[PDB]
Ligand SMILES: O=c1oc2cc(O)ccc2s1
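One chain comes next, on its own, written as structure tokens: the form deposited without this ligand.
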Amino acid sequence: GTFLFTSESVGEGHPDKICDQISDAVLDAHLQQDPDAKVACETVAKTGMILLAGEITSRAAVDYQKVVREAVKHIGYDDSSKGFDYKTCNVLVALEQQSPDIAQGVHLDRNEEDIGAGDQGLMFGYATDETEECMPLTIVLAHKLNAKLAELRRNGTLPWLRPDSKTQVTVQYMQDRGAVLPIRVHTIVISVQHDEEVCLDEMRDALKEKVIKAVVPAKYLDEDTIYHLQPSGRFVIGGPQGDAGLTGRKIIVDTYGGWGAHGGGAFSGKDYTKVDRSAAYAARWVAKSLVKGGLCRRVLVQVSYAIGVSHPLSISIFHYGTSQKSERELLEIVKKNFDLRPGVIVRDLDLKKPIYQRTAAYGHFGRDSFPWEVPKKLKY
């Protein structure tokens, strides 16, 4: 009845995550002036470079140099000794207007509620009762380990820490009538960029005592738990210098850590008309509503769209054997309670609000009571 499952997370200074945060800082900057901005901003990061590439049609006047550098400053890359500096890096911009062919097929001369999906695609929502926030324990722990590293870096407890980090948590679970019950942490990995002065043993001791023990409850750790702390042995070169980053390269870290399912679409740098983000947020909202409403213990929701068409093409619900209701019954409850057209999701989830940079590290789900995390009271 037991099995292992592993999920990973990355820190704010992981190069892919830098890109997601910059893409969302650009989106937020546009939404602060023009709530109806059409934004599709990709970011690429490599040694000394932030490149913005994509399409934006907006009435906002945005200073890309300032927005980008302020996001990098927040992350903590502020000196050439760290491998990257917001003050002196290159910021290159290759942004054009949104394609008029896309604009005419999606939103031009359309009533807001009846705007078409900004692209075709499939999206999933997932929820599990194994935690109060309805998220898998593996991914919650992996995110919290990265957040702890950033906290200790920012408060000066471990001044040798740099912003680039990755974590990985393997949990041993028990199966329970379709639901899953965490038993213990089997393995933890932590890799984090560091300065030239700190030694390996000092880092491994700090990662176990000040990071793992400050995050993971002792009841999950035992004599058999395996620790891989700084397993490469040296991580002085990091951030974009160590590895090129791109927007939308951490989509499993952004969602459920491998649990549930994923349709492939990235979230960051996109306004609400891009259903890769809005419909995944709405699907999470449906999934969490079905679990918090007591209809299932674990649930997966798939939706799909065609570019230019408002209603989803398909809707599917899998309850893993944790509901007394059939999929047909759950679909009827979802039809009575939710409208998954993008032009209605924007109203229900307040998706013109500039809160997107806040979503771009530590996962988009299970945190901070964003609108998609507040369950809808179901009527049936």
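Each residue number is its position in the shown sequence, starting from 1.
Form solved in complex with this ligand: not shown, discussed below.
Within this chain, residue 162 is remote from the site of this ligand in the entry with it bound, having no heavy atom within 4.5 Å. Heavy atoms of residue 143 reach within 4.5 Å of this ligand in the entry with it bound, making it an interface residue. This ligand is not shown here, but in the entry with it bound it comes within 4.5 Å of a heavy atom of residue 367. The shortest heavy atom separation between residue 372 and this ligand in the entry with it bound exceeds 4.5 Å. Residues 133, 147 and 362 are all found to lie within 4.5 Å of this ligand in the entry with it bound, as judged by heavy atom distances.
For this ligand in the entry with it bound, the listed stretch (221 to 229, 203 to 211, 135 to 143, 79 to 87) containing residues with heavy atoms inside 4.5 Å is 135 to 143.
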